[PDB]
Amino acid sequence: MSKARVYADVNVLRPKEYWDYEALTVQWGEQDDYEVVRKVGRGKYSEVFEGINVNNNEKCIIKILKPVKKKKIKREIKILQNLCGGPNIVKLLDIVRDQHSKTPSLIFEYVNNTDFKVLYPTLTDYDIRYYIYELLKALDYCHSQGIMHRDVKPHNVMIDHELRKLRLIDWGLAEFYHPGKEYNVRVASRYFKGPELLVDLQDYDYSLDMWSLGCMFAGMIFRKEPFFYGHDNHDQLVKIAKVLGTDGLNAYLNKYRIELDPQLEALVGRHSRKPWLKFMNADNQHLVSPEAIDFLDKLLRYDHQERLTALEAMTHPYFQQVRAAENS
């Protein structure tokens, strides 16, 4: 059995109105209020367009959803509403649907994002600490509100580099945390899936997002996209084991009485732990200081219970200049 070490009782103490999302009655806005200006992305669940609010002429993001279950859509909407106004949490502006096709569209605030594939390589040491700190704010906030994002990755972190503004988006996989509840491990994107998901540990918690954040952090300071590059869920665990080592994995599995599928256990094999500095090179030298390594080490732990919480991460000395700057 496993439970979160913080914010475990948030949804226990709050009224059903807060977490009983299936009771939500969607209030639709007016589709004609928003017009498409250009497509900016696509995905398995939606088509994304930069749009504009014809009323106030303000930019927005229109996500036209592909067929989705009433249950799933209400969950994303309820969570967005609960987190409204939180630090760096994307704002849901409106919800509309096309009467004839019944196609729903979610309207979000616009963020002039620079593809991480091009942005990250230009980030300085300070930029990295700054943006990761900002992302942490959003995570501690949602976790403090009894919610797990479950899909933290560069594609879901919008950044207007010019304005140094960051927003954590796409809460379609997020879930409310309930002590002891068994969740579906089929969440997050492969390169950012934590060990718990890869070994089928279902009673995971907020800590899952901290592994994901760590993967992003490792990618930034080591200049690797992504850091753990696996081809399928089994290979993903292998790539991880080849870094943290199998000793740590076995200890993890024995602590939670988990048995790897024979094939998987066969693929992982046996590996030694590799020091983080073995990934340093002339390209990521100006970014891999001892503080960065110490912080990364405390995030990428097999045991989700050992990882820093978002609040702890924000206080790590690695971020001291970012904190000092803010309190000005």
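Don't overthink the numbering: it's just position in the shown sequence, from 1.
Engineer: Using only C-alpha atoms and the B-factors in the entry, which stretch averages higher, 311 to 319 or 17 to 25?
Structural biologist: Averaging CA B-factors over each stretch, the winner is 17 to 25.
Engineer: Which is higher in the entry, the mean Cα B factor of 189 to 197 or that of 251 to 259?
Structural biologist: The stretch with the larger average C-alpha B-factor is 251 to 259.
Engineer: In this PDB entry, which of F295, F49, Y302, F279 has the top CA B-factor?
Structural biologist: Spelled out: the listed residue with the top C-alpha B-factor is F279.
Engineer: Where does the C-alpha B-factor of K224 rank in its chain, lowest, middle or highest third?
Structural biologist: Its C-alpha B-factor, which the entry lists for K224, ranks in the highest third among residues of this chain.
Engineer: Please rank the C-alpha B-factors of the chain's modelled residues and tell me whether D98 sits in the lowest, middle or highest third.
Structural biologist: CA B-factor rank for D98: highest third.
Engineer: Rank-wise, by C-alpha B-factor, drop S207 into the lowest, middle or highest third of its chain.
Structural biologist: Within its chain, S207 is a lowest-third residue by C-alpha B-factor, going by the deposited values.
Engineer: Lowest, middle or highest third: where is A325 by C-alpha B factor in its chain?
Structural biologist: Answer is highest: the recorded C-alpha B-factor places it there.
Engineer: Where does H143 sit by CA temperature factor within its chain: lowest, middle or highest third?
Structural biologist: For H143, whose C-alpha B-factor we compare with every modelled residue in the chain, the answer is the lowest third.
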